[PDB]
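Structure first, then comments.
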2 protein chains.
Amino acid sequence: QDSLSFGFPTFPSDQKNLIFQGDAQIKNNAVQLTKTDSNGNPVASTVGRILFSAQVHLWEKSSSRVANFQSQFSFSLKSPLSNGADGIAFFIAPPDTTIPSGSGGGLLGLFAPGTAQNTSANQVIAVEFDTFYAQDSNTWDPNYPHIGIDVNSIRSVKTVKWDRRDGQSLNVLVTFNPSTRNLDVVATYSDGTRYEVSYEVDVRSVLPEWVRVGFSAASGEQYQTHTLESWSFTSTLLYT
Amino acid sequence: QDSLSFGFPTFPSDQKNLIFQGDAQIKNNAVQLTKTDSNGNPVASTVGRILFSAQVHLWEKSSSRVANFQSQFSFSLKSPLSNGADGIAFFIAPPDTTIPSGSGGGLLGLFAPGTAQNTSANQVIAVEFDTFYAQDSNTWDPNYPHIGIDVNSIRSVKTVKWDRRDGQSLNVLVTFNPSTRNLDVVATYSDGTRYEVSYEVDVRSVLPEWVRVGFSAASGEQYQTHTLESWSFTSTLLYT
Ligand SMILES: CO[C@H]1O[C@H](CO)[C@@H](O)[C@H](O[C@H]2O[C@H](CO)[C@@H](O)[C@H](O)[C@@H]2O[C@@H]2O[C@H](CO)[C@@H](O)[C@H](O)[C@H]2NC(C)=O)[C@@H]1O
Ligand SMILES: CO[C@H]1O[C@H](CO)[C@@H](O)[C@H](O[C@H]2O[C@H](CO)[C@@H](O)[C@H](O)[C@@H]2O[C@@H]2O[C@H](CO)[C@@H](O)[C@H](O)[C@H]2NC(C)=O)[C@@H]1O
Ligand SMILES: [Ca+2]
Ligand SMILES: [Ca+2]
Ligand SMILES: [Mn+2]
Ligand SMILES: [Mn+2]
C-alpha cells in the first residue's frame, strides 16, 4: 500500500500485529521493552524490541516517490538508581531485522559491538533517548543525557542535551518530509519543557524500499524500565 | 491497534502485505483474482482471493467497543461471452480463513458445498457482486444479476438488482456504523448509475474480535476476469 496508518492509544494484552523480540512484553496496558521482576522492578542485562508486523513502503524506485511519515509516541523511564540506563529508541530497519548478538547496554539492542560505528555495515535510522553516557564505556556519547539521531551508527550524527525525569512521560513527534529531506524530532514533558533536533537525510541511500518500524531498549550493568505508553504512525508515498 | 487504515491506489507487483490464495496474482498494476491465459483471457474453473496481512480489531469485549469501518474499492469484469461468471466479493472472516474445498463457481470461493447455506457452520460477512444466477446450479439466487449482503450463507440476506457492464469499472463504498449497526453498500458506474443496499447486523455475534479483510472471486463452467483495481480501508474502535 502507498499509505498505511495505525494507532495504539494504549497497549491491551491482546495483540496480533506486534512482533516481540527479546524481553519485550505487555504489562498494565503498556509495552515493557526491558525485563522487570515480579514486583515490576527493572533488572540488569536485558534487551527488548517490538515492530509493527505490516511492512512500510518507505520509497519506490520505479516511481521516484518517497514517503512522508509521522510517528507520535510517549514513554516513561523509572529506576531506583542514580544512573538508570541505557535508553530507548524509535527505529526504522529492514523487515528481517533481529536483535544483534551482544547488542545490549549502550548499543540499545540496535548494533553489534564489532560494527556499531561502521556506517557501512548497518542499515538503520533511529531516534534515541540516551540516559547513560559514562565516558569510559559509552566512549561515543557526549558527556550528558541526550536525544540523538542515529544513521547507521551508535555515534549519533547529531545530539541535543536532554533532561531525564524519573517516572514522567515524554511525548515525542518524529516526522520526515521527503521534499526537504528533513527528519524532525520534537519532544515535550507535561510542563511544557521542549526539545527539538533536526537532520537532513536521504532515506533512499540508507534504507531499502520496504522497512519495518518499531522501538528498542536495553539495560546493561545499570538499569531502568523503558515503558512505551502509546504510539500512532502514518506514512504516505509522495512525488519528489 | 485501535485504528488501522491502508490504501492501494494501484497494485504494483512488489507487494509485501498481501496474502494471496488460490489463483490470485498481480498483473498490470491490478489484482487478477481469477486465472487467465497467456493472452489475458479468462479461463474456467478458477478461484482466487487476497487478504491484507495485518489483522483488524473489529470489536473488543473488555471495553465493549465495536469498530466502524469503511472500504472503498473499484473492479471491472471482462469476458469474451456475455454470460460471465461468477462474481467478486469483499469479505471479512476469521484470520486463519482459507479457500474451502470445492468452493468454486457460484460459491465464490467463500463457502463449502456441504454447508453453504448453514448459518451456524460459517463465520463470514461478505458483499457479493453476482453475475450468474442459473437456477440449476445457483438455486439460492434471485433470477437476475445482483449485489448482495451475505451473512454466514451464500443465500444473501438482502439483495438489489444490478447491471453487469463488460469492461467498465464499478466504484464501491462499504460502510459499517456501530452506532446503528447498519452495513451500507453504495456502488456506482462513472456515468452516475447508482446501486444501494443495506442491512442491520451485529458483527459481534457473527465474527470474532480480530479478523482479516479481503476479496474473493471464482469462475465455474462460465467465466470472466475479476480485476481489482484499487482499494482503501479504514477502521476505528468506538464507544457506542
Ligand atoms: C557500573 O557499570 C559501569 O562500569 C562497568 C565497569 O567499568 C561497565 O562494564 C558498565 O558498562 C556496561 O553497562 C553500561 C550501563 O548499563 C552500558 O552502557 C555498557 O554498554 C555496558 O554494558 C555492556 O554493553 C555491551 C555492548 O557495549 C553489551 O554487549 C553487554 O552485554 C553489556 N553488559 C551487560 C552486563 O549487559 C558501566 O560503564
Ligand atoms: C453451462 O453451465 C451451467 O450449466 C451446467 C450444467 O448444469 C452447470 O454445471 C453449471 O454450473 C457450474 O458453473 C456455474 C457458472 O460458472 C457456477 O455458478 C456453478 O456453481 C457451477 O460451478 C461449479 O460450482 C461448484 C459449487 O457448487 C464447484 O464445486 C465446481 O467446481 C464448479 N464447477 C466448475 C467447473 O468450476 C452452469 O449452471
Ligand atoms: Ca549511551
Ligand atoms: Ca450466483
Ligand atoms: Mn547516545
Ligand atoms: Mn447471489
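As the structure lists them, so they are numbered: ligands from 1, and atoms in each ligand from 1. Protein chains get the first letters and strands the later ones, always in sequence-line order, with residue 1 at the start of each. Every heavy atom of this structure was used, including side-chain atoms; hydrogens, water molecules and symmetry mates were not.
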Checklist entry - Any idea how many protein N, O or S atoms are nearer than 3.0 Å to the Ca ion (ligand 4)? => result 5
Evaluate the ring planes of [X] and [Y], with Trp represented by its six-membered ring, and classify them as parallel (under 30°), tilted (30 to 60°) or perpendicular (over 60°).
X         : Y         : result
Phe8(A)   : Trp231(A) : parallel
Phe69(A)  : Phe233(A) : parallel
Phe215(A) : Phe90(A)  : tilted

Checklist entry - Does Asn28(B) CG have over 12 foreign heavy atoms under 6.0 Å away? => result no
Item to check | Pairwise distance CH2(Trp162(A)) to CD1(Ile147(A)) - rounded to 0.5 angstrom | outcome: 6.5 Å
Item to check | Distance-minimising heavy-atom pair for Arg194(A) and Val186(A) | outcome: NE-CG1, 3.5 Å
Item to check | Every residue of the protein that comes under 4.0 Å of ligand 2, judged on heavy atoms | outcome: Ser45(B), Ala85(B), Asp86(B), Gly102(B), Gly104(B), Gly105(B), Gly106(B), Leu107(B), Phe132(B), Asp136(B), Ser137(B), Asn138(B), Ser219(B), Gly220(B), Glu221(B), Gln222(B)
Item to check | Residues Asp163(B), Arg165(B): salt bridge by 4.0 Å N-O rule | outcome: no
Item to check | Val211(A), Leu183(A), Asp150(A) screened by side-chain contact (heavy atoms from CB on, under 4.5 Å) with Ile125(A), the one that passes | outcome: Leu183(A)
Checklist entry - Under the side chain to side chain donor-acceptor pair (under 3.5 Å) criterion, do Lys27(A) and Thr36(A) qualify, and how do the steps go? => result CA-CA 10 Å; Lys27(A) 285 187 174 181; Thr36(A) 60; 2.9 Å; yes
